[PDB]
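The form deposited in one PDB entry is given below as one chain in C-alpha cells.
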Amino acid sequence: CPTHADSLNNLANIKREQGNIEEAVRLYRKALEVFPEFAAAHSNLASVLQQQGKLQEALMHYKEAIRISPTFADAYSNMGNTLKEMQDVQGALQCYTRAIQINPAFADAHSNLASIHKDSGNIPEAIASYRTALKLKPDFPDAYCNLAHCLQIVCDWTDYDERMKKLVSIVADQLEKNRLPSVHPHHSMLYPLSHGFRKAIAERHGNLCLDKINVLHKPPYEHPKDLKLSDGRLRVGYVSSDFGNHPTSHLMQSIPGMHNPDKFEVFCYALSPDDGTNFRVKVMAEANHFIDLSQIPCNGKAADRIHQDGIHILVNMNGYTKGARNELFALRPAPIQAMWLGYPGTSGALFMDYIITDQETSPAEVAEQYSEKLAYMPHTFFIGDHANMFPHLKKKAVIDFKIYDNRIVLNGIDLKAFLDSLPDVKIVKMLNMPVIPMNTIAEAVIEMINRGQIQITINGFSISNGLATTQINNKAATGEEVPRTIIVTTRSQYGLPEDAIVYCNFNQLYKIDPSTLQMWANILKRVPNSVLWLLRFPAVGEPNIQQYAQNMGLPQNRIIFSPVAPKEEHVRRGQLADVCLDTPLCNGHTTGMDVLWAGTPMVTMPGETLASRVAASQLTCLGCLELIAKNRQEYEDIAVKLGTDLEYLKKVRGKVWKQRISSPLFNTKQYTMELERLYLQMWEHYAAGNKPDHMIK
C-alpha cells in the first residue's frame, strides 16, 4: 500500500523533530525499501545524514531525489544547506536560487539564501531576504533571530525593545519544547537572556557534536594515569583552527615556545591548513610537536591521533567559533579538557572539564553561568603578544607643531638612534618623551603627511607615512614582522581635531546598543569639543549611529569614523586617542589589549557575563583600578574627568604607558609559568583519583 511508505516517512519526520536521529534514519531507510523511487524519503534521509556529518552520502540522496523529481524545491534548498557547510558557497547559491525559481513562496529557501548574503558581507540583501521569509512564514525562529543579528550588525535599533522581547520569547519556547535555540551561543551574550538560558543554548549547540560522533561507535579511551611514559613531562595539547593570521595567534603565539621543556611536552593540533604567515611558521617551529589535523577530516581518526600522542590536558581554543571541531573533545581522547582564551563563554557541554579564567572575570559567586569548573589564573586569563609583535611602540617622540603626546607621533625600533642626530630635540618630563621642534626636519615630515608621500629619507633614516605600511612592507603591516623604519602617525591622517579630546572605540559595531550610545552621548555633552572615534565595521552602520546620536543631541561632526586598518596601523593609531571607552555589553577583548599597549587609558563597566568582564580583568592586572566603574554614573564621571582635568589625564596616561611594561599584563613568560602551575594543579588533582573541581586556589 502507498500508505506504508508514506507512514514510515512521516513518522521519521516526527522522530527527527524529537531529536531521535538514529530512529529517523532507520525509518527513512525502511521507507526506501518499501518504495525505492520515493523522492521525499531520499531528501528527508539526506537531511538527517547531513545532521550526522555524513555530507557526501547526503549529497548522493539529494541528487537521487532531484533525479526522481526535477522540480523538488525542498531537495534543492536542503542540498544548498549541505553545500554551504562544505564551503561550496557558489553551489549553495545555485541551489537556493533554483529552489526559489521553482517556488517563489518557499520561505525556508529565502531564509537560507539570506544566510549566504549575511556571511558574504551583504547585510542589506540578507535583511531583504530574511524579511521575505518572515512575510511568507511569520512564525520562523531561525529567520527572526538571524534578522535580529543583521540589525545588531548595522546598529539598526528600530523597535529594539520589542525585538529583545521576542528574541527572549523565542528562546524560552524552544528550550521548553526541547529544540535547538535559534540564537547562536556566541551571540547570546548580546541579548538580555538569563544566565540559565545562555548556558542552555550552549549545551544544546554542544549536543550537535554528539550526533556527529555517535555514528562512529567508538569506545571510551583509556587515559594515562602517570607521567612515566612521558619521562615525567606533562603532555599538553593545544587545539585550534587559528594557528595563522588570526587574533588568537596574535594573543598566544609565544606561549608554546615558552613552556618549560623539562616539565612539559607541547603538542599543537592545527584544525586549519598552513596559510603561509609567520604566525603559523612560529608555532610550527616552537612547539615540541605540530600536528596538522586539517589533513585528517574524520574526527574519529583525528581523536585517535591525539590519544596516541598521550595527551594529559587537551585545550579547546575554539569553543563555538568558525573552524571548531568540538567533536574531538566530545570523544574525550584526554583525561582533562579545558576551555582557554579563544571563546568568551561556557561550552555548556559535559565533555569540557574546566574553563581557564580568573577571579575578576569569573568571580566564584557566578560559577552557575558555566558548566565547567573554574580554573583561575592568578591575574588575568587574557594575554597578548604585543611586546614581541610591536616593540617599535615601546618608545615614541612627538613634533611640537605649535606640547601634546598624541597629535603628531613618531615610533621606531631605531628612533633613539635617529634622535641622536638631531641636536635640537627637547626631552620632556611627564619614561621620558623627546619633542622635535618645528625645524627643517619636522617641516619635511609634516610635508610628507600633507602631500601623501609614502616615505622620505633623512640622515640615512627612512621615515614612513603610517597610512602606507602595506606599500612599504606588507609583513610589517600584518604584525608578522617588526617594522624597520621610523613611522609617522598624526591626527590629521584620520580627520581628528588637534584642539580637542578624542574618545575612541574600535570594536565591531554590533557590540554597541542604544544604552551604550546614550552613555557616550552623556559624556560628550559634558566635555566641550570632544569627539568620538569609531570603526566602520561595517560602513553601512555609520548613518544609523549618526541618526541615533543626533537624536540624542549630538551633531554629526562629533562622531568620526575610520576604515578597518591593517593590524599594526590599528594598534599604532590608538596612540592618537586620549581615552578609550569600552563597550559594556560585550567588552573589547583583543582591542582592549591593543589600546593599553598604545598607552591609552580604557574606561570600562564590568557586567555579569564573562564577555562583559574581560576589560576590567585586564585593567586590574595592569594596576589601574580607577578606570573600572561600578555603574553607569561612575563610567560617565571617570570619562568626563579624564577629558576635562588635563593634569589627571596626563597622570593616568603615564600610568598606562609605564605599567603596560611593568605589570604582568603583557608578560608572556610569566603568564606561561603561571599557566604551567595551573596545569599541574589540574593533573595532581586527577592523578589523585578526583573528578574536576574548582581550582580557585
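Quick note: we count residues from 1 along the sequence shown, nothing fancier. C-alpha atoms forming the largest set that superposes within 1.5 Å between two forms make up the rigid core.
There is another form of the same protein, the form deposited with a partner chain bound; it is not shown, and what comes next is about it.
Between the partner chain and the residues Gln518, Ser294, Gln453, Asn388, the one pair within 4.5 Å by heavy atoms in the deposited complex involves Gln453. The contact residue chosen from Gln550, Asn439, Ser462, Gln493 relative to the partner chain in the deposited complex is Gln493, the criterion being a non-hydrogen atom within 4.5 angstroms. The stretch among 462-470, 522-530, 331-339, 307-315 whose residues place heavy atoms within 4.5 Å of the partner chain in the deposited complex is 462-470.
The candidate site formed by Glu203, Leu210 and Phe351 is entirely out of contact with the partner chain in the deposited complex, as no residue has a non-hydrogen atom within 4.5 angstroms of it. In the deposited complex, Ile446 approaches the partner chain with a heavy atom inside 4.5 Å. Put simply, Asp231 is far from the partner chain in the deposited complex: not one heavy atom of it is within 4.5 Å. In the deposited complex, the partner chain sits within 4.5 Å of a heavy atom of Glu498. With a 4.5 Å cutoff on heavy atoms, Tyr404 does not count as touching the partner chain in the deposited complex; it lies far away.
Among the candidates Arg67, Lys641, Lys658, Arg632, the CA atom that moves 2 angstroms or more between the shown form and the other one after core superposition belongs to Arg67 alone. Core-aligned CA deviation for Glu17 between the shown form and the other one: 2 Å or greater.
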